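Chemist: please find the sequence and an experimentally derived structure below.
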Amino acid sequence: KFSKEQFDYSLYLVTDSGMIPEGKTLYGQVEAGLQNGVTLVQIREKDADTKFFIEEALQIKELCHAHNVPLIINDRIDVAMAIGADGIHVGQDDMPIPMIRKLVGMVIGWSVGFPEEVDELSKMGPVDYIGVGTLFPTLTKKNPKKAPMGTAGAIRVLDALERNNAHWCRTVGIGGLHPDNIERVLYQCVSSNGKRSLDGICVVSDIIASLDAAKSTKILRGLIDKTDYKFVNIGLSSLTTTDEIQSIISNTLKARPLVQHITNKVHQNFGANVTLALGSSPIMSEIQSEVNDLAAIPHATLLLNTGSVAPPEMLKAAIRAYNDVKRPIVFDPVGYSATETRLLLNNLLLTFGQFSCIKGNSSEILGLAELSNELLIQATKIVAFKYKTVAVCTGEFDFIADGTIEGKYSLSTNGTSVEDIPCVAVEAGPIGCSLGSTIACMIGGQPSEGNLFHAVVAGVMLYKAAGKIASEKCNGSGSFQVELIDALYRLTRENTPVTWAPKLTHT
Amino acid sequence: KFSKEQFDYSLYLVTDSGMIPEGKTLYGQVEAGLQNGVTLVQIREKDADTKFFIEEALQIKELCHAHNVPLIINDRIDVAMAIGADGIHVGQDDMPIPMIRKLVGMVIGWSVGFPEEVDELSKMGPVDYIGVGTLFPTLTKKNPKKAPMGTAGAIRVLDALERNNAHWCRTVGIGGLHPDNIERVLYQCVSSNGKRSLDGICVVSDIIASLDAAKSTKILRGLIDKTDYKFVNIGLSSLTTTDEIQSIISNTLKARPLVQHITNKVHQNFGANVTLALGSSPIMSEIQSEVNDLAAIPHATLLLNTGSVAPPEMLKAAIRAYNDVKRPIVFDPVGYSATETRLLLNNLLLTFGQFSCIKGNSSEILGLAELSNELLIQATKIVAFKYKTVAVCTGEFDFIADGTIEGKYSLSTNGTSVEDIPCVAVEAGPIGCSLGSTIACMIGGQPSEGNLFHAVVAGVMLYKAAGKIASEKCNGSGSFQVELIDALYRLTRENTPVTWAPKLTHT
Amino acid sequence: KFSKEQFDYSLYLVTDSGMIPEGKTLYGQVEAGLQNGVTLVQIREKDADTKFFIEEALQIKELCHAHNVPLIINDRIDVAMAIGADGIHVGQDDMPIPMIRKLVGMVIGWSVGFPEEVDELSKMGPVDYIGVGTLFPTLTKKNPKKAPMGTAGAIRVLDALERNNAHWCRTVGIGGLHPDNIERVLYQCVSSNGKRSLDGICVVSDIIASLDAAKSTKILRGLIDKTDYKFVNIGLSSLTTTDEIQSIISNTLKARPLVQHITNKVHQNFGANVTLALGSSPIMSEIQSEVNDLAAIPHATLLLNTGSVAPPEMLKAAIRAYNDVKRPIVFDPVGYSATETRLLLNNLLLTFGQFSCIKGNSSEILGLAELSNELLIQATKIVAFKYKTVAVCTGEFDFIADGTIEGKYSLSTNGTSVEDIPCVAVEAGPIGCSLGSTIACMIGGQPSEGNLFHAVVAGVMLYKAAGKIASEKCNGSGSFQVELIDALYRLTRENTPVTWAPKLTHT
Ligand SMILES: Cc1nc(C(=O)O)sc1CCOP(=O)(O)O
Ligand SMILES: Cc1nc(C(=O)O)sc1CCOP(=O)(O)O
Ligand SMILES: Cc1nc(C(=O)O)sc1CCOP(=O)(O)O
Ligand SMILES: C=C1C=NC(C(F)(F)F)=NC1=N
Ligand SMILES: C=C1C=NC(C(F)(F)F)=NC1=N
Ligand SMILES: C=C1C=NC(C(F)(F)F)=NC1=N
Ligand SMILES: [Mg+2]
Ligand SMILES: [Mg+2]
Ligand SMILES: [Mg+2]
């Protein structure tokens, strides 16, 4: 027998019979998975008969204990005791947890997807681990009573385990993880205070349904025990010098970055001007087949603008297209909590991939963070940490938080809370979505060993800067706009940030 | 809690929510049958989730103990332990019995329908009761692995509970039992030594799916603790006197029985000739729709004869019709273990209803008993007993056994073994299917107070007696037949048995 | 038996047997509706056998005569003669009018939907009443041979009734009327000379299909004999004074109204800036679900721009949305008579809800009127009264007609003809879609107590004034645009209407 503090939840394998490829057995795959790094195993039989169930639990319990890996059994507690399994794992509609413990003394997993559930797990006291929500969409779970909750929904849970100090309860992520997201799920599924993250990733069809369980399992292992998530080929690491702003503007000019705008029509003419003005080239393509090719172009950058007529399967593909190539996405959730359809949509978009920067104004940034002038600072930090990103917040003061944290993940440095991440301010006195376009361009020109945080900061300066200049040569809102673009053009051409009006301080 | 000795299996109610009539509830029904008959209650939930299960099992355990009746739980032993059930009932493909008892110490049931299963039950020594095979076909059990077994099947199981002598184990019959067959089932489901019969009848749909459980349970009860099954409207209760054979032949003549022949085309024209001899009326309808109107007609009799190219859907329809009217049925299994399709077919027919007589010869009688001359006696006895009927076996001698037993059933008198039942013999020195036709005519004309056993014997005599007479006036196979029909005519007209050739002894 | 002049058309209920809620009878509905407001019944049986039809017309003619209400029969006139009915309603495909009149002498209703039908109903002399076209789409008319016509088409018909002086003819409108459109139908369905209006509303599925005929009938009555259609939460009532254009430009700035533009691409970026310059906020949403939320936002306003790629179902949704909250809609039929598809689409939109302003040019406004300088005034005035709206005609001069008549409606003050309404004009000497956006913004800012008319005027002035000024400060097409926005910016900021170039006269 094992002990609670002996279980290793790193790569937890949940089983499925009707899914194994033709000519391969359940024993066949599960072995391949043990040999190559699976570290816990659940047997899951929703359909078979109590006798065959047992017959195969004994055949697989043997296989496991030979690799010194435990064996949990799904919702059939009796079967579990029957065969001396090492733990059972029940969901929300199964046997109450108190009753389960009154027939065993041994490890229990509870399927949680909501904070309220964690509350009750705690009004119980030392339930030993929990499967966290359905992170993504998956057709492995027949007739499901929840919904793809996202990494944000899984954070909301990790966070309730801290409010409750439920130190005793481990966690695993489950529901549609494959190598195209495992990294991002590990990377953002962390409590705000930074003290706790996931204890392990849990797959079913990525191994069970693989032609090559061996190969597939070695990959997941590889993602799982690595600690740097390099999501965009730019460095992620002390105020921004003028000479830094400089070479940033040099690189972006020397590189002619192609910036793909998926935005409405209004922001569209304007945006492509600002991009052009910065020595870059806009592309307003929202065509799905094309998305793979644009992103492949050198120094290519994507700009996202909630509610743009483009169908979500295409924003999904767009985002994905670019994280595949390690390239920068800037996200501008214009709408947000303004409406029903928009809250819902952004939250969906935010689960499609990793963003390099999210820009919004006081209302937008406050909504995203789930919460003045001090308060703004607070919420920007909150959002930058919560989506692991550079998060800009605009207004008279622009605040710029860096929550990427070098791009480090782990299974519980993680220790750097929300409130410790560096955040700056940019002021120029009293004077939109063209900010998006600016940042996008700045970031897009940066070379390998460049820097993401400085780049965004340069962008917010360059923009706020041009704002003053234009603000002073306008005759009205009409001419301000054409002057704003002009200023942006002249400003980046005379590369002398030392002569710029906007002052950059610490938040 | 209860004790194994206190469980009453009289009327055993098994549960099924997905079948309950609109407007009514499980509690609804399960209450009604508690007030009106049920004596034991099993919860069956093959679909619902482990929580909901427990919720409704607790809700019903209270409803039961409220009537001092127990509550068994189907296949889910943990749910039993959890809610403090009084027993669990598993299947052949559910948890092994060893493992179950290693979790509990409380009653266990076991669904059986094959002597080998009883053989193992026995090599375990004191498993507590068994649900006996599928008796009849039922669409309540979704996707089944057995096949309906009939009373013949149930017997073969009871018969292994004595061979292995498992005093300690009780039995209930299950599946397809309705009011149209509970009597017949109770009646012929007794062990071959008469000692052990069923201890309970077990229904699911006859109550649960009833637009009035209250009424339906009252009726089921009425049957189960009644003790006389009067299947034919004739008496059933010391050698046959010449005066008895005489008033038998008068009755059939003064009654002109209508004898419906469902038989092949070669015994067809013949048998009609015999029936006509005996002052009866042949009708040869293998029409389904007509069957019930034919049985209406006064003193109507039915004669079956395997392999008559009427659909079994008709033979079922037909047999049923005459038992609903308590009229007699002669059964002749011409074919039998001669081929395959025949054995199959006869066995299915034998499950359709209750026969007043089963005639056959040497090969047939021996096949039916599942087993010379002392041997035919022992075999005729077995057949008679087994199918609770008067059994004629033809040859040199004709042996006639009476295994009806006044129509008695019990839930374990029943103790009147095979060997004991009355068996006579009729000889007449060295002299076919017309016997059946004759037997049918003799039984047909008896009135409520007449006696089935005598009627048959008269038949065999009369016939055996036309035998001698025609053997004498024949010139070969052709005229022998025409003199046999002729003799039969003369013999019954000059009704004076005091003169006929054959000797009736005591086998 | 009633008289011709004793028929109360107010609320004319038509029958339908197949559409009645399980549990209620036809008697039930009709009765219910009788007590609560119905003033005429017509039986309608396109299916049932003439015996059963009749059993029902009597039963029902009784229930009607008890509440002193007449009963008409549809098209089966013999059935009317047969049961002593008060009138028959026939259609266009039914028995010629003369032939009916030759067999009865009684009241006769005719389903009309085009002027031609009126011309015929005219050169016949004293047909009693007509049922007017199909106003809105409906599935209660199985296999329809017409096409929904809208209140627009209904007016065409009401106008042939004057060109013909058919003073002997009543009208009722029929076809898909429910509480979300009775008011509007009652309000705009009036003769071009205003001398004639509708004599009642006819509903089928609203009462007959209601799960509460009682309540549905009370509501409909409530609306039919009210006299105020307050359709926009603004005033509706002597040249517009400088002080007023000034208090107007304040309300709009101080209230920053959210203006939703459903327009193409080319009026999008441009239109958004005009909105911006006016201190109000652009929303480019063509999202079908947001549209309810957008209109719940304060001082919110909608601008339609025919042909905008937005699906017609969305335009309906959107238009409905704003009327349900009483917020103003600005309609700009750019395309119009230009093509086929456009003319078609524009008329579909016009019958969707109630607009507060329709802007358009010489071409557009001449088209809408179904019809220089003395001419545009005559046409502008028409388009205002026909669609009960403040209607603007851009050109060298700009013409504004207020045809909303305090929002009054009747059953025939109605009498204030196309010519009578106020029409003012706006000159600035010899100097695009911006005007819509401007007017949308003036109207949007207006509070409970404002006045839709002045607001519209203000906008036109402000837009015209802006023109003279940019026409002065421009060096070409492009500069002109940007100078136009600026002038609106400046002009409104220094809210000083006394000093504007454009002169406001009576037209
Ligand atoms: C068995 C099970 N429970 C889930 C939950 O949502 O909590 S997901 C899941 C299976 C999904 O895994 P995959 O996509 O790797 O097959
Ligand atoms: C649950 C179950 N087991 C069976 C077996 O053949 O062992 S039959 C059966 C259900 C049959 O019930 P009814 O026909 O009365 O609805
Ligand atoms: C019988 C009949 N003729 C119509 C026409 O348009 O001429 S409409 C109509 C019935 C439709 O009523 P509702 O849509 O209010 O249920
Ligand atoms: C619904 C489930 C949720 N979580 C887990 C796991 F993490 F594997 F324990 N298994 C499940 N079957
Ligand atoms: C398959 C079954 C067989 N027998 C019984 C009973 F007899 F009631 F115990 N219940 C079952 N569900
Ligand atoms: C087709 C119809 C048109 N109009 C009317 C009425 F309500 F009488 F005006 N009834 C009809 N059945
Ligand atoms: Mg479960
Ligand atoms: Mg079972
Ligand atoms: Mg008609």
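Modeler: Received it, and whenever you're ready, just let me know what you need. Residues are numbered from 1 along each chain as shown, chains lettered A, B, ... in the order given. Ligands and ions are numbered 1, 2, ... in the order given.
Chemist: residues contacting the residue of the stretch 1-150 of chain A found nearest ligand 3?
Modeler: Taking C-beta to the nearest ligand atom as the measure, the point where the stretch 1-150 of chain A comes nearest ligand 3 is residue A:147, at 38.9 Å. In this view, the C-beta of every residue, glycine as well, is placed from N, C-alpha and C. Residue A:147 is in contact with residue A:134, counting by C-beta atoms under 8 Å, 6 or more residues apart in numbering or on different chains.
Chemist: phi, psi of residue A:332?
Modeler: Reported as degrees, to the nearest 10, the phi and psi values for residue A:332 are phi -130, psi 90.
Chemist: over to residue A:398?
Modeler: The main-chain torsion angles of residue A:398 are listed as degrees, to the nearest 10 and equal phi -100, psi 130.
Chemist: now it: closest residue in space that isn't a chain neighbour?
Modeler: Spatially, and ignoring its direct neighbours in sequence, residue A:398 is nearest to residue A:426 (4.2 Å; C-beta to C-beta, 6 or more residues apart in numbering or on different chains).
Chemist: so the one you found, which state does it fall into?
Modeler: Three states are possible here, and by DSSP: H, G, I helix; E, B strand; the rest coil the one that applies to residue A:426 is strand.
Chemist: that one: neighbour count?
Modeler: Burial of residue A:426, expressed as a neighbour count using other C-beta atoms under 10 Å in any protein chain shown, amounts to 22.
Chemist: could you give the bridge partners of it?
Modeler: residue A:398, residue A:504 (DSSP bridges).
Chemist: can I take it that residue A:325 is in a helix?
Modeler: No. Note on residue A:325: no helix contains this position according to three-state DSSP, which reports coil.
Chemist: mind listing what's buried in whichever strand or helix holds residue A:341?
Modeler: Under DSSP states H and E, the secondary-structure element containing residue A:341 is helix A:340-349. Buried residues in helix A:340-349, defined by neighbour count with 16 or more other C-beta atoms under 10 Å in any protein chain shown: A:341, A:342, A:345, A:346, A:347, A:349.
Chemist: which is the next helix or strand following that helix?
Modeler: Using DSSP H and E, the first helix or strand after helix A:340-349 is strand A:357-361.
Chemist: can you list the neighbours in contact with that following strand?
Modeler: Strand A:357-361 is touched from outside by A:328-334, A:336, A:368, A:383-384, A:387, A:389-395, A:432, A:435-436, A:439, A:443, A:452, A:456, with contacts defined as C-beta under 8 Å, 6+ apart.
Chemist: so of those residues, which ones are in strands?
Modeler: Residues of these located in strands (DSSP state E): A:329, A:330, A:331, A:390, A:391, A:392, A:393, A:394.
Chemist: what's the closest of the residues you listed to ligand 6?
Modeler: Distances from ligand 6 to the ones in strands among the contacts of strand A:357-361, taken as C-beta to the nearest ligand atom, are shortest for residue A:331 (56.7 Å).
Chemist: my guess is the closest one contacts residue A:355. True?
Modeler: Yes. Assessed by C-beta atoms under 8 Å, residue A:331 is found in contact with residue A:355 at 4.6 Å.
Chemist: picking up where we left off before, now the contacts of strand A:357-361: which count as buried?
Modeler: Neighbour-count burial (16+ other C-beta under 10 Å) is assigned, among the contacts of strand A:357-361, to A:328-334, A:336, A:368, A:383-384, A:387, A:389-394, A:435-436, A:439, A:443, A:452, A:456.
Chemist: mind listing what's buried in stretch A:157-170?
Modeler: A:157, A:158, A:159, A:160, A:161, A:162, A:164, A:166, A:169, A:170.
Chemist: OK, contacts around the nearest residue to residue A:106 once chain neighbours are set aside?
Modeler: By the measure of C-beta to C-beta, 6+ apart, the closest residue to residue A:106 outside its immediate chain neighbours is residue A:87, 6.2 Å from it. With contacts taken as C-beta under 8 Å, 6+ apart, residue A:87 has the following neighbours: A:7, A:70, A:71, A:72, A:73, A:80, A:106, A:107, A:108, A:109, A:128.
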